[PDB]
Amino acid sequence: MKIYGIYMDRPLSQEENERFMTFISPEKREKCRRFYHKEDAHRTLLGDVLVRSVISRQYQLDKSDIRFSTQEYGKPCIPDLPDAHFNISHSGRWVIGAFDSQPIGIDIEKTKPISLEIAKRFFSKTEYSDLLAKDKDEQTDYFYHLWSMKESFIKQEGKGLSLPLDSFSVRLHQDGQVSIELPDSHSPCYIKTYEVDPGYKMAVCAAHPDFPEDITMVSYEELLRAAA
């Protein structure tokens, strides 16, 4: 497992953005072109180029070579490289990607004024009440702490928001109370949170507990490199 990060200490220059657009598919350039805000385009663009750069290098291929596809619920993958699993998350000045030989999920969030939504429908009565329990100055960070962890799980599973697969078992406790057991004990996942910037919350969800101690930082200059 390896985690790479790109911190946009400065936006991409006119030329840098044109150079990177050159590595992606026509469909991706259109999607990038369509964003109202250039910083959303820059995040999607860099996330795409980071994956191309990391995986192509792993298989001595050219970034341009990679061909992406989308699984059933939209999770990206590279069909011709089945064991090169990855996941991207980007928020604010951060674009981060996790790579593993098994399904992986990652999430980074710029911390900002919370909104009851997601917090009401995406947070349990439990997570929600816990949150409102935090003091006002700790609510924003706590919200994103829980959310980054929760979304890393959902992004790792890939199956969207509705565990349909035979991924759960009904367990009965005292007086017949049910507890749903998930994930299946034989399909465990683990989460590790990383402190990369105080204005952000980040979490990785992997199929094994072997998380790298550090994230490898990549610059625009390293991503633009040819490296045959």
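Numbers for residues come from their place in the sequence shown, where the first is 1.
Across the two stretches, 200 to 208 and 21 to 29, the PDB entry reports the greater mean Cα temperature factor for 21 to 29. Stretches compared: 177 to 185, 57 to 65. Higher mean C-alpha B-factor in the entry: 57 to 65. Out of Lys192, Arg43, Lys159, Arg52, it is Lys159 whose C-alpha atom has the highest B-factor in the PDB entry. Taking the deposited Cα B-factors for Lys155, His145, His90, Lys112, the highest one is held by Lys112. In the PDB entry, a CA B factor belonging to the middle third of its chain's modelled residues is recorded for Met1. When the CA B factors of the chain's modelled residues are split into thirds, the value for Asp83 lands in the lowest one. In the PDB entry, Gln102 places in the lowest third of its chain by CA B-factor.
Annotation for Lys120: C-alpha temperature factor in the highest third relative to the rest of the modelled chain, per the entry. Sorting the modelled residues of the chain by their CA temperature factor places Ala133 in the highest third.
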